[PDB]
Amino acid sequence: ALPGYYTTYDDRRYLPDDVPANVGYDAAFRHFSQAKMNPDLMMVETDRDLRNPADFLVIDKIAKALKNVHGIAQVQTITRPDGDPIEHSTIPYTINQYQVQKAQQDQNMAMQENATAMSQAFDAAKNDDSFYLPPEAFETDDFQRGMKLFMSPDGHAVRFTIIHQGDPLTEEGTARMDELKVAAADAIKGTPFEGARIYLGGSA
Amino acid sequence: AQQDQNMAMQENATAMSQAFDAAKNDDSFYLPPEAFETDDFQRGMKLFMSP
Amino acid sequence: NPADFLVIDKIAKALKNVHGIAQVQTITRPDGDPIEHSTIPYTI
Amino acid sequence: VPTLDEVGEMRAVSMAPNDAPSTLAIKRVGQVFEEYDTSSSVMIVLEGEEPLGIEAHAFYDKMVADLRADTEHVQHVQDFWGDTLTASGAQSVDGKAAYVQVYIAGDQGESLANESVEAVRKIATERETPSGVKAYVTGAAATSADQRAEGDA
């Protein structure tokens, strides 16, 4: 029986169902998924203020690197407040004589229509290959509220919420930590973020 | 006013370029043919590339 | 020519992304950093 | 002296060592962001029969106010459902449930954490709720507290 031996870390399996914790777990699993009840937290800390688009690019790169790791369902942060990419953030989104003149005006409107179609296509598919947040959007109160939640008051660090796939309190759930740390370290490499400190925490 | 709108749009394009340069982004890449003629790349192509 | 330069930069990126490699320099990265004013958004 | 059960209950020991990297990371996040200094958190889950409405939001806000009022146990509450920007993440797909993460004083297993969990349960349950809305306190710390309580029982 030695080879097949394995262990689990979810204590809700080792308790009677009538206990309040099991009831809450049952409700949450009825409505939400299991991984959401036990998320993870990661903080990347630097020595300078990150409340500018240039550092936002690196932050989104780190978020993408974290999400691409196997077994990670979704990652939310200042660049992904609800786990999805911010809308209108992709680069493609940013991308007699009188009668003759009006035809050029009509052509311009058609080209304006063409750009809208591409933007809608990129938004509907939740594409996240390219990213840029213009400086004006930083002034909107929506991001002011967000930056006070996911970033420190001095703006020297940003927290990431990481949600696993399936039950996060298994052997694989505990084994996914090293992959996340390696992914973050590789994502930082080559950027001005080099020299930062990474903290990983949570149940797993 | 349309001219002023164009300049503001020109300012917007500069900000994106500055952000991408500062962040050292490297996702997309393209070197225009004209830049190949500059002596800076002429010196480089004689070092990292065979004759 | 630019067409082959695209492939060269792709190879450089693939090499750099390998674990344990600090920086790769070549004709498309003379000092280990990407050449300035080379990103597509810059052209845009 | 009292019975062994009471003495054991009032002299619990934190499950995780201080040197553990996870506890250090959580405390570092708490102290850097100037929100809390603990390392244990619970997730209050509001389950509803019909999709949650504006009255559910009002009840949620009142409960959050009550939680933040009690500085003894609760140290920091992040109301992601409260703000519209992140409201999508907190609320379920069907829209009939929502959860909020609350940080409690004391580390997991330690008797202080169990007392804090009990206080949180009291706060979340004693208040009058909209008909069809029920509160449930769950999470790792709550599971640890239930484990200890059931063993002693």
# chains A, B, ... in the order shown; residues from 1 in each chain; ligands from 1
call {"tool": "residues_around", "arguments": {"residues": "residue D:51", "least_positions_apart": "5", "cutoff": "8 Å", "atoms": "only C-alpha atoms", "output": "list in words"}}
result
residues 94, 95, 96 and 97 of chain D
call {"tool": "residues_around", "arguments": {"residues": "residue C:1", "least_positions_apart": "6", "cutoff": "9 Å", "atoms": "only C-alpha atoms", "output": "compact mmCIF listing (two decimals) with N, CA and C atoms, in the first residue's frame"}}
result
# COMPACT_ATOMS: atom_id res chain seq x y z
N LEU B 31 12.09 46.91 -37.77
CA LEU B 31 13.14 47.85 -38.10
C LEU B 31 12.93 48.36 -39.51
N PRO B 33 13.36 49.87 -43.26
CA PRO B 33 14.51 49.72 -44.17
C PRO B 33 15.45 50.91 -44.16
N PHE B 36 18.37 50.75 -41.74
CA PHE B 36 19.46 49.88 -42.16
C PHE B 36 20.58 50.67 -42.82
call {"tool": "residues_around", "arguments": {"residues": "residue B:41", "least_positions_apart": "5", "cutoff": "10 Å", "atoms": "only C-alpha atoms", "output": "VMD selection string"}}
result
(chain B and resid 35 to 36 46 to 47) or (chain C and resid 27 to 28 30)
call {"tool": "interface_residues", "arguments": {"of": "chain A", "to": "chain C", "cutoff": "12 Å", "atoms": "only C-alpha atoms", "output": "JSON list (two decimals) with N, CA, C and O atoms, in the first residue's frame"}}
result
[["chain", "number", "residue", "atom", "x", "y", "z"],
["A", 65, "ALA", "N", 1.88, 36.52, -16.95],
["A", 65, "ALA", "CA", 2.78, 35.42, -16.66],
["A", 65, "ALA", "C", 2.23, 34.54, -15.55],
["A", 65, "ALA", "O", 2.32, 33.31, -15.61],
["A", 90, "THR", "N", -6.66, 47.17, -25.27],
["A", 90, "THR", "CA", -5.83, 46.57, -26.30],
["A", 90, "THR", "C", -5.31, 47.63, -27.26],
["A", 90, "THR", "O", -5.97, 48.64, -27.51],
["A", 91, "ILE", "N", -4.10, 47.40, -27.78],
["A", 91, "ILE", "CA", -3.54, 48.31, -28.78],
["A", 91, "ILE", "C", -4.45, 48.48, -30.00],
["A", 91, "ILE", "O", -4.63, 49.62, -30.44],
["A", 92, "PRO", "N", -5.04, 47.41, -30.58],
["A", 92, "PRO", "CA", -5.93, 47.62, -31.73],
["A", 92, "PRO", "C", -7.09, 48.56, -31.45],
["A", 92, "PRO", "O", -7.56, 49.25, -32.36],
["A", 93, "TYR", "N", -7.56, 48.60, -30.20],
["A", 93, "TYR", "CA", -8.58, 49.57, -29.84],
["A", 93, "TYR", "C", -8.08, 51.00, -30.05],
["A", 93, "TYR", "O", -8.80, 51.85, -30.57],
["A", 94, "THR", "N", -6.84, 51.26, -29.64],
["A", 94, "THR", "CA", -6.25, 52.58, -29.86],
["A", 94, "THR", "C", -6.12, 52.88, -31.35],
["A", 94, "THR", "O", -6.35, 54.02, -31.79],
["A", 95, "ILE", "N", -5.76, 51.88, -32.14],
["A", 95, "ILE", "CA", -5.62, 52.03, -33.58],
["A", 95, "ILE", "C", -6.95, 52.43, -34.21],
["A", 95, "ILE", "O", -7.04, 53.45, -34.88],
["A", 130, "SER", "N", -1.95, 42.56, -26.12],
["A", 130, "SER", "CA", -1.37, 43.89, -25.99],
["A", 130, "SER", "C", -2.13, 44.68, -24.93],
["A", 130, "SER", "O", -3.30, 44.41, -24.67],
["A", 131, "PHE", "N", -1.46, 45.66, -24.34],
["A", 131, "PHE", "CA", -2.04, 46.41, -23.23],
["A", 131, "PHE", "C", -1.42, 47.79, -23.16],
["A", 131, "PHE", "O", -0.21, 47.94, -23.29],
["A", 132, "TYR", "N", -2.27, 48.80, -22.94],
["A", 132, "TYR", "CA", -1.80, 50.15, -22.68],
["A", 132, "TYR", "C", -2.92, 50.95, -22.03],
["A", 132, "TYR", "O", -4.03, 51.00, -22.55],
["A", 179, "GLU", "N", 6.09, 27.09, -9.04],
["A", 179, "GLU", "CA", 5.88, 27.52, -10.41],
["A", 179, "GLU", "C", 5.50, 29.00, -10.47],
["A", 179, "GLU", "O", 5.98, 29.74, -11.33],
["A", 182, "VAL", "N", 8.60, 31.15, -9.69],
["A", 182, "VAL", "CA", 9.51, 31.14, -10.83],
["A", 182, "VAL", "C", 8.96, 32.00, -11.96],
["A", 182, "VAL", "O", 9.70, 32.75, -12.61],
["A", 183, "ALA", "N", 7.66, 31.90, -12.21],
["A", 183, "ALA", "CA", 7.04, 32.69, -13.28],
["A", 183, "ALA", "C", 7.16, 34.18, -12.99],
["A", 183, "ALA", "O", 7.48, 34.97, -13.89],
["A", 184, "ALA", "N", 6.92, 34.58, -11.75],
["A", 184, "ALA", "CA", 7.06, 35.99, -11.39],
["A", 184, "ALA", "C", 8.50, 36.45, -11.56],
["A", 184, "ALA", "O", 8.76, 37.53, -12.11],
["A", 185, "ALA", "N", 9.45, 35.64, -11.11],
["A", 185, "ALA", "CA", 10.86, 36.01, -11.23],
["A", 185, "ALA", "C", 11.28, 36.14, -12.68],
["A", 185, "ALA", "O", 12.05, 37.04, -13.04],
["A", 186, "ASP", "N", 10.79, 35.25, -13.55],
["A", 186, "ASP", "CA", 11.12, 35.34, -14.97],
["A", 186, "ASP", "C", 10.45, 36.54, -15.62],
["A", 186, "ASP", "O", 11.04, 37.18, -16.50],
["A", 187, "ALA", "N", 9.22, 36.85, -15.22],
["A", 187, "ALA", "CA", 8.53, 38.00, -15.79],
["A", 187, "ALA", "C", 9.23, 39.30, -15.43],
["A", 187, "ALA", "O", 9.33, 40.22, -16.26],
["A", 188, "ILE", "N", 9.71, 39.41, -14.19],
["A", 188, "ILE", "CA", 10.40, 40.63, -13.77],
["A", 188, "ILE", "C", 11.68, 40.83, -14.57],
["A", 188, "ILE", "O", 12.05, 41.97, -14.89],
["A", 189, "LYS", "N", 12.35, 39.74, -14.92],
["A", 189, "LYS", "CA", 13.66, 39.80, -15.57],
["A", 189, "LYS", "C", 13.62, 40.65, -16.83],
["A", 189, "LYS", "O", 12.72, 40.52, -17.66],
["A", 190, "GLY", "N", 14.61, 41.54, -16.97],
["A", 190, "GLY", "CA", 14.74, 42.38, -18.14],
["A", 190, "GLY", "C", 14.00, 43.69, -18.07],
["A", 190, "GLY", "O", 14.15, 44.52, -18.98],
["A", 191, "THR", "N", 13.20, 43.92, -17.04],
["A", 191, "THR", "CA", 12.40, 45.12, -16.88],
["A", 191, "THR", "C", 12.98, 46.03, -15.81],
["A", 191, "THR", "O", 13.86, 45.62, -15.05],
["A", 192, "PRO", "N", 12.52, 47.28, -15.72],
["A", 192, "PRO", "CA", 12.95, 48.13, -14.60],
["A", 192, "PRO", "C", 12.57, 47.57, -13.24],
["A", 192, "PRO", "O", 13.11, 48.03, -12.23],
["A", 194, "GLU", "N", 13.47, 44.90, -12.06],
["A", 194, "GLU", "CA", 14.58, 44.09, -11.57],
["A", 194, "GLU", "C", 15.11, 44.64, -10.26],
["A", 194, "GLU", "O", 15.33, 45.84, -10.11]]
call {"tool": "interface_residues", "arguments": {"of": "chain D", "to": "chain A", "cutoff": "7 Å", "atoms": "only C-alpha atoms", "output": "MDAnalysis selection string"}}
result
chainID D and resid 22:23 25:26 29 33 43 45 85:86 88:89 92 97 136:139 142:143 146
call {"tool": "interface_residues", "arguments": {"of": "chain B", "to": "chain A", "cutoff": "9 Å", "atoms": "only C-alpha atoms", "output": "mmCIF file with N, CA, C and O atoms, in the first residue's frame"}}
result
data_model
loop_
_atom_site.group_PDB
_atom_site.id
_atom_site.type_symbol
_atom_site.label_atom_id
_atom_site.label_comp_id
_atom_site.auth_asym_id
_atom_site.auth_seq_id
_atom_site.Cartn_x
_atom_site.Cartn_y
_atom_site.Cartn_z
ATOM 1 N N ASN B 12 -0.818 62.376 -27.748
ATOM 2 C CA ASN B 12 -1.208 61.078 -27.207
ATOM 3 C C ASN B 12 -0.303 59.969 -27.728
ATOM 4 O O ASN B 12 0.087 59.066 -26.978
ATOM 5 N N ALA B 15 3.033 59.867 -25.885
ATOM 6 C CA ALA B 15 2.973 59.296 -24.543
ATOM 7 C C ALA B 15 3.063 57.777 -24.586
ATOM 8 O O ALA B 15 3.752 57.159 -23.768
ATOM 9 N N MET B 16 2.362 57.156 -25.536
ATOM 10 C CA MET B 16 2.420 55.704 -25.667
ATOM 11 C C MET B 16 3.829 55.243 -26.015
ATOM 12 O O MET B 16 4.326 54.253 -25.464
ATOM 13 N N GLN B 18 6.650 56.795 -25.330
ATOM 14 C CA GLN B 18 7.489 56.986 -24.152
ATOM 15 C C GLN B 18 7.245 55.896 -23.118
ATOM 16 O O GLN B 18 8.191 55.400 -22.496
ATOM 17 N N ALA B 19 5.983 55.516 -22.912
ATOM 18 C CA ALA B 19 5.676 54.449 -21.965
ATOM 19 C C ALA B 19 6.288 53.129 -22.411
ATOM 20 O O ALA B 19 6.894 52.407 -21.609
ATOM 21 N N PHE B 20 6.149 52.802 -23.697
ATOM 22 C CA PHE B 20 6.688 51.541 -24.195
ATOM 23 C C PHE B 20 8.211 51.530 -24.142
ATOM 24 O O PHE B 20 8.822 50.478 -23.926
ATOM 25 N N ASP B 21 8.842 52.688 -24.335
ATOM 26 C CA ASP B 21 10.296 52.757 -24.229
ATOM 27 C C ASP B 21 10.749 52.612 -22.781
ATOM 28 O O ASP B 21 11.693 51.871 -22.485
ATOM 29 N N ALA B 22 10.089 53.319 -21.861
ATOM 30 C CA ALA B 22 10.488 53.269 -20.459
ATOM 31 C C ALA B 22 10.289 51.877 -19.877
ATOM 32 O O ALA B 22 11.125 51.395 -19.104
ATOM 33 N N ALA B 23 9.190 51.214 -20.233
ATOM 34 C CA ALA B 23 8.916 49.878 -19.722
ATOM 35 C C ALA B 23 9.770 48.802 -20.378
ATOM 36 O O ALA B 23 9.707 47.645 -19.951
ATOM 37 N N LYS B 24 10.552 49.154 -21.399
ATOM 38 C CA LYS B 24 11.390 48.199 -22.125
ATOM 39 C C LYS B 24 10.560 47.048 -22.688
ATOM 40 O O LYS B 24 10.970 45.887 -22.652
ATOM 41 N N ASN B 25 9.379 47.373 -23.204
ATOM 42 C CA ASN B 25 8.540 46.361 -23.827
ATOM 43 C C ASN B 25 9.185 45.862 -25.113
ATOM 44 O O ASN B 25 9.809 46.627 -25.852
ATOM 45 N N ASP B 27 7.398 43.105 -27.043
ATOM 46 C CA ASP B 27 6.446 42.150 -27.599
ATOM 47 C C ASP B 27 6.417 42.217 -29.121
ATOM 48 O O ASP B 27 6.380 41.185 -29.800
#
call {"tool": "residues_around", "arguments": {"residues": "residue C:38", "least_positions_apart": "4", "cutoff": "7 Å", "atoms": "only C-alpha atoms", "output": "number ranges by chain"}}
result
B: 29-31; C: 42
call {"tool": "write_last_selection", "arguments": {"atoms": "N, CA, C and O atoms", "output": "PDB file, in the first residue's frame"}}
result
ATOM      1  N   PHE B  29       8.104  44.063 -32.799  1.00  0.00           N
ATOM      2  CA  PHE B  29       9.386  44.545 -33.291  1.00  0.00           C
ATOM      3  C   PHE B  29       9.315  44.767 -34.792  1.00  0.00           C
ATOM      4  O   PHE B  29       8.736  43.950 -35.514  1.00  0.00           O
ATOM      5  N   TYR B  30       9.916  45.862 -35.252  1.00  0.00           N
ATOM      6  CA  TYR B  30      10.081  46.113 -36.678  1.00  0.00           C
ATOM      7  C   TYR B  30      11.142  47.180 -36.878  1.00  0.00           C
ATOM      8  O   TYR B  30      11.096  48.232 -36.234  1.00  0.00           O
ATOM      9  N   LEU B  31      12.090  46.908 -37.771  1.00  0.00           N
ATOM     10  CA  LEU B  31      13.144  47.853 -38.099  1.00  0.00           C
ATOM     11  C   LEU B  31      12.931  48.363 -39.514  1.00  0.00           C
ATOM     12  O   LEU B  31      13.016  47.573 -40.464  1.00  0.00           O
TER      13      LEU B  31
ATOM     14  N   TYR C  42       5.019  52.300 -31.278  1.00  0.00           N
ATOM     15  CA  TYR C  42       5.778  53.501 -31.609  1.00  0.00           C
ATOM     16  C   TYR C  42       5.454  53.975 -33.019  1.00  0.00           C
ATOM     17  O   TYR C  42       5.268  55.172 -33.259  1.00  0.00           O
TER      18      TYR C  42
END
call {"tool": "select_by_dssp", "arguments": {"residues": "chain C", "states": "helix (DSSP H, G or I)", "output": "list in words"}}
result
residues 2, 3, 4, 5, 6, 7, 8, 9, 10, 11, 12, 13, 14, 15, 16, 40, 41, 42 and 43 of chain C
call {"tool": "write_last_selection", "arguments": {"atoms": "N, CA and C atoms", "output": "PDB file, in the first residue's frame"}}
result
ATOM      1  N   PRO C   2      14.885  43.627 -43.361  1.00  0.00           N
ATOM      2  CA  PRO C   2      13.949  43.576 -42.222  1.00  0.00           C
ATOM      3  C   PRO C   2      13.255  42.235 -42.040  1.00  0.00           C
ATOM      4  N   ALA C   3      12.928  41.549 -43.136  1.00  0.00           N
ATOM      5  CA  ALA C   3      12.175  40.303 -43.044  1.00  0.00           C
ATOM      6  C   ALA C   3      12.930  39.268 -42.221  1.00  0.00           C
ATOM      7  N   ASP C   4      14.233  39.133 -42.469  1.00  0.00           N
ATOM      8  CA  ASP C   4      15.036  38.216 -41.671  1.00  0.00           C
ATOM      9  C   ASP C   4      15.321  38.782 -40.287  1.00  0.00           C
ATOM     10  N   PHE C   5      15.323  40.110 -40.149  1.00  0.00           N
ATOM     11  CA  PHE C   5      15.512  40.712 -38.835  1.00  0.00           C
ATOM     12  C   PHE C   5      14.373  40.348 -37.894  1.00  0.00           C
ATOM     13  N   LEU C   6      13.160  40.203 -38.431  1.00  0.00           N
ATOM     14  CA  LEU C   6      12.043  39.751 -37.606  1.00  0.00           C
ATOM     15  C   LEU C   6      12.333  38.383 -37.001  1.00  0.00           C
ATOM     16  N   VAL C   7      12.801  37.447 -37.827  1.00  0.00           N
ATOM     17  CA  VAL C   7      13.105  36.105 -37.342  1.00  0.00           C
ATOM     18  C   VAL C   7      14.257  36.146 -36.349  1.00  0.00           C
ATOM     19  N   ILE C   8      15.253  36.994 -36.609  1.00  0.00           N
ATOM     20  CA  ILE C   8      16.393  37.100 -35.702  1.00  0.00           C
ATOM     21  C   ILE C   8      15.935  37.579 -34.330  1.00  0.00           C
ATOM     22  N   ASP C   9      15.067  38.592 -34.302  1.00  0.00           N
ATOM     23  CA  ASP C   9      14.561  39.082 -33.024  1.00  0.00           C
ATOM     24  C   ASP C   9      13.702  38.030 -32.335  1.00  0.00           C
ATOM     25  N   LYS C  10      12.942  37.257 -33.112  1.00  0.00           N
ATOM     26  CA  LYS C  10      12.165  36.171 -32.523  1.00  0.00           C
ATOM     27  C   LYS C  10      13.077  35.155 -31.848  1.00  0.00           C
ATOM     28  N   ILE C  11      14.179  34.804 -32.515  1.00  0.00           N
ATOM     29  CA  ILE C  11      15.138  33.862 -31.941  1.00  0.00           C
ATOM     30  C   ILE C  11      15.745  34.436 -30.669  1.00  0.00           C
ATOM     31  N   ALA C  12      16.088  35.725 -30.695  1.00  0.00           N
ATOM     32  CA  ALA C  12      16.665  36.357 -29.514  1.00  0.00           C
ATOM     33  C   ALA C  12      15.694  36.326 -28.340  1.00  0.00           C
ATOM     34  N   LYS C  13      14.417  36.619 -28.595  1.00  0.00           N
ATOM     35  CA  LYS C  13      13.419  36.565 -27.530  1.00  0.00           C
ATOM     36  C   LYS C  13      13.269  35.151 -26.988  1.00  0.00           C
ATOM     37  N   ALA C  14      13.241  34.159 -27.881  1.00  0.00           N
ATOM     38  CA  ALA C  14      13.116  32.772 -27.445  1.00  0.00           C
ATOM     39  C   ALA C  14      14.297  32.365 -26.575  1.00  0.00           C
ATOM     40  N   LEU C  15      15.502  32.788 -26.957  1.00  0.00           N
ATOM     41  CA  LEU C  15      16.682  32.478 -26.156  1.00  0.00           C
ATOM     42  C   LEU C  15      16.625  33.160 -24.795  1.00  0.00           C
ATOM     43  N   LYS C  16      16.228  34.432 -24.759  1.00  0.00           N
ATOM     44  CA  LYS C  16      16.208  35.149 -23.488  1.00  0.00           C
ATOM     45  C   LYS C  16      15.162  34.575 -22.540  1.00  0.00           C
ATOM     46  N   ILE C  40       5.983  48.210 -32.470  1.00  0.00           N
ATOM     47  CA  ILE C  40       4.893  48.589 -33.370  1.00  0.00           C
ATOM     48  C   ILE C  40       4.090  49.777 -32.841  1.00  0.00           C
ATOM     49  N   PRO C  41       3.710  49.840 -31.544  1.00  0.00           N
ATOM     50  CA  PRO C  41       2.961  51.009 -31.060  1.00  0.00           C
ATOM     51  C   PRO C  41       3.686  52.328 -31.277  1.00  0.00           C
ATOM     52  N   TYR C  42       5.019  52.300 -31.278  1.00  0.00           N
ATOM     53  CA  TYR C  42       5.778  53.501 -31.609  1.00  0.00           C
ATOM     54  C   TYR C  42       5.454  53.975 -33.019  1.00  0.00           C
ATOM     55  N   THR C  43       5.389  53.041 -33.970  1.00  0.00           N
ATOM     56  CA  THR C  43       5.040  53.394 -35.341  1.00  0.00           C
ATOM     57  C   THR C  43       3.622  53.948 -35.417  1.00  0.00           C
TER      58      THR C  43
END
call {"tool": "select_by_dssp", "arguments": {"residues": "stretch 8-204 of chain A", "states": "strand (DSSP E or B)", "output": "MDAnalysis selection string"}}
result
chainID A and resid 40:45 72:77 80 151 157:164 197:202
call {"tool": "write_last_selection", "arguments": {"atoms": "N, CA, C and O atoms", "output": "tab-separated table (two decimals), in the first residue's frame"}}
result
chain	number	residue	atom	x	y	z
A	40	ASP	N	-5.09	32.93	-3.17
A	40	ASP	CA	-3.71	33.22	-2.82
A	40	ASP	C	-3.46	34.71	-2.94
A	40	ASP	O	-4.25	35.45	-3.54
A	41	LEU	N	-2.35	35.15	-2.36
A	41	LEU	CA	-1.97	36.56	-2.38
A	41	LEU	C	-0.49	36.66	-2.69
A	41	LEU	O	0.32	35.93	-2.10
A	42	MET	N	-0.13	37.56	-3.60
A	42	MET	CA	1.25	37.83	-3.95
A	42	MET	C	1.48	39.33	-3.99
A	42	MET	O	0.65	40.07	-4.52
A	43	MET	N	2.60	39.78	-3.42
A	43	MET	CA	2.93	41.19	-3.36
A	43	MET	C	4.30	41.40	-4.00
A	43	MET	O	5.29	40.80	-3.55
A	44	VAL	N	4.36	42.24	-5.02
A	44	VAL	CA	5.62	42.62	-5.65
A	44	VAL	C	5.94	44.03	-5.18
A	44	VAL	O	5.20	44.98	-5.48
A	45	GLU	N	7.04	44.18	-4.45
A	45	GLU	CA	7.39	45.45	-3.83
A	45	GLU	C	8.63	46.04	-4.49
A	45	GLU	O	9.62	45.34	-4.70
A	72	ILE	N	-3.86	27.63	-12.73
A	72	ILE	CA	-4.32	28.92	-12.22
A	72	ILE	C	-5.52	29.35	-13.05
A	72	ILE	O	-5.42	29.51	-14.27
A	73	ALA	N	-6.66	29.54	-12.39
A	73	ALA	CA	-7.89	29.88	-13.08
A	73	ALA	C	-7.89	31.33	-13.53
A	73	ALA	O	-7.94	31.62	-14.73
A	74	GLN	N	-7.82	32.26	-12.59
A	74	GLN	CA	-7.85	33.68	-12.91
A	74	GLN	C	-7.04	34.46	-11.89
A	74	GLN	O	-6.94	34.07	-10.73
A	75	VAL	N	-6.47	35.57	-12.34
A	75	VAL	CA	-5.70	36.47	-11.50
A	75	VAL	C	-6.31	37.85	-11.64
A	75	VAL	O	-6.49	38.35	-12.76
A	76	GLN	N	-6.63	38.48	-10.52
A	76	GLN	CA	-7.15	39.84	-10.52
A	76	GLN	C	-6.16	40.77	-9.83
A	76	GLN	O	-5.49	40.38	-8.87
A	77	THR	N	-6.07	41.99	-10.33
A	77	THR	CA	-5.14	42.99	-9.82
A	77	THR	C	-5.61	44.36	-10.30
A	77	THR	O	-6.73	44.51	-10.81
A	80	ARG	N	-6.54	44.18	-13.72
A	80	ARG	CA	-7.64	43.26	-13.99
A	80	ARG	C	-8.55	43.24	-12.77
A	80	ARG	O	-8.56	42.28	-11.99
A	151	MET	N	-2.99	48.74	-4.52
A	151	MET	CA	-1.66	49.33	-4.42
A	151	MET	C	-1.51	50.05	-3.09
A	151	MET	O	-2.47	50.58	-2.53
A	157	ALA	N	4.21	49.09	-3.93
A	157	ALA	CA	3.94	47.67	-4.05
A	157	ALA	C	2.52	47.46	-4.56
A	157	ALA	O	1.66	48.33	-4.41
A	158	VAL	N	2.29	46.29	-5.15
A	158	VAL	CA	0.99	45.91	-5.68
A	158	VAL	C	0.71	44.47	-5.30
A	158	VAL	O	1.60	43.62	-5.37
A	159	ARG	N	-0.53	44.19	-4.89
A	159	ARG	CA	-0.93	42.86	-4.47
A	159	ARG	C	-1.67	42.16	-5.60
A	159	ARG	O	-2.41	42.79	-6.36
A	160	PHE	N	-1.46	40.85	-5.72
A	160	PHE	CA	-2.14	40.02	-6.70
A	160	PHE	C	-2.98	38.98	-5.97
A	160	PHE	O	-2.51	38.36	-5.01
A	161	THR	N	-4.22	38.80	-6.42
A	161	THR	CA	-5.05	37.71	-5.92
A	161	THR	C	-5.07	36.60	-6.96
A	161	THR	O	-5.45	36.82	-8.11
A	162	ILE	N	-4.65	35.41	-6.55
A	162	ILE	CA	-4.50	34.27	-7.46
A	162	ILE	C	-5.49	33.20	-7.04
A	162	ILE	O	-5.56	32.84	-5.85
A	163	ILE	N	-6.25	32.68	-8.00
A	163	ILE	CA	-7.28	31.69	-7.75
A	163	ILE	C	-6.95	30.44	-8.55
A	163	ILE	O	-6.70	30.51	-9.76
A	164	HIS	N	-6.95	29.29	-7.88
A	164	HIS	CA	-6.53	28.04	-8.50
A	164	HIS	C	-7.65	27.45	-9.35
A	164	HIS	O	-8.75	28.00	-9.47
A	197	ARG	N	11.25	42.65	-4.63
A	197	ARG	CA	11.07	41.56	-3.68
A	197	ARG	C	9.68	40.97	-3.84
A	197	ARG	O	8.69	41.71	-3.91
A	198	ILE	N	9.60	39.65	-3.90
A	198	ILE	CA	8.35	38.94	-4.16
A	198	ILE	C	7.96	38.15	-2.92
A	198	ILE	O	8.77	37.40	-2.38
A	199	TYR	N	6.72	38.33	-2.48
A	199	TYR	CA	6.17	37.58	-1.35
A	199	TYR	C	4.97	36.78	-1.85
A	199	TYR	O	4.09	37.34	-2.53
A	200	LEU	N	4.92	35.50	-1.52
A	200	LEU	CA	3.80	34.64	-1.85
A	200	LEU	C	3.18	34.10	-0.57
A	200	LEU	O	3.89	33.59	0.30
A	201	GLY	N	1.86	34.21	-0.46
A	201	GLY	CA	1.15	33.79	0.73
A	201	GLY	C	-0.20	33.19	0.38
A	201	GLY	O	-0.60	33.15	-0.79
A	202	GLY	N	-0.88	32.71	1.41
A	202	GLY	CA	-2.16	32.06	1.22
A	202	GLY	C	-2.23	30.70	1.88
A	202	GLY	O	-1.26	30.27	2.51
call {"tool": "atom_distance", "arguments": {"atom1": "atom CA of residue A:172", "atom2": "atom CA of residue A:63"}}
result
21.0 Å
call {"tool": "atom_distance", "arguments": {"atom1": "atom CA of residue A:71", "atom2": "atom CA of residue A:178"}}
result
12.5 Å
